[PDB]
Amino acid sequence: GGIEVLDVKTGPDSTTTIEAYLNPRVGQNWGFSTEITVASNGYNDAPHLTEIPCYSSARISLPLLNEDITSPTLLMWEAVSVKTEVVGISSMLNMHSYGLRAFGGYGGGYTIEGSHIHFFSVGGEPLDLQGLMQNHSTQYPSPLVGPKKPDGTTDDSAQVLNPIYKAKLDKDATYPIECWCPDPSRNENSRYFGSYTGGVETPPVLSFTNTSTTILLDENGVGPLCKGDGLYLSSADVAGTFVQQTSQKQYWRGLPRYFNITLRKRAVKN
């Protein structure tokens, strides 16, 4: 960030690893939303709290570094690398748990399918969010938070980029995926990675391995610096929809994300 970055402290107990998971927040806590609803044209677009998928977020507490915050050089934890995994991909190989049945009702149940998003960020502070949504008029129930101008309104500009609509991902299960994307004009002290696929019946493609590592160092060899000795993890893994037999109703299906972050002590001015 806008800190002056100095030498990497090295030695034993200059590096630590944190293991964490984020369970999905698809509108309920057990990995499925309630049924997806669609207001009739000309009616209010006011979906149920429990059908709006949100970003998962957590701040992990790191070991205290500076006894005096007033020393003229500080130590901050620097996130160097992350091993991350989407847990329970194998759970989707299930054609018997009440899925809409293929081949005119004689086949097995539909495995999870439809539009999906997979996304994670590691950061030294809350992730910066830019407001952008499909329908400016959408009404999010409390306690969810959506793009608002200072006056409380939400005009047509919220369907494109208007800098007036910004927020910090500072609470789990609160910021809907559908009205908030990572702000590419900020997040200097965060690394984020996302992939969205659309379509009605699109098959999800997900891989898993313990052999994959992502470097979090930027073009200048600096990783996220954890302000207040706090590591900020964010997740969004909506694998697709579950299509229920007989009802033919659709439910968002979320998956949890494992994190394994490596950090090292780093010196900064002030």
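The first residue of the sequence shown is number 1, and the count goes up from there.
As listed in the deposited structure, the average C-alpha B-factor of 59 to 67 and of 205 to 213 is greater for 59 to 67. Of the two segments examined, 3 to 11 and 259 to 267, it is 3 to 11 that shows the higher average Cα temperature factor in the deposited entry.
You'll see in the entry that, of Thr153, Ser90, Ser97, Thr174, the Cα B factor peaks at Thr153.
Sorting the modelled residues of the chain by their CA temperature factor places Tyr140 in the middle third. Per the deposited record, the Cα B-factor of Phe103 falls in the middle third when ranked against the other modelled residues of its chain. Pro224: CA B factor in the lowest third of modelled residues in this chain (values from the PDB entry). Compared with the other modelled residues of the chain, the Cα B-factor recorded for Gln134 ranks in the lowest third.
When the CA B factors of the chain's modelled residues are split into thirds, the value for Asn29 lands in the highest one.
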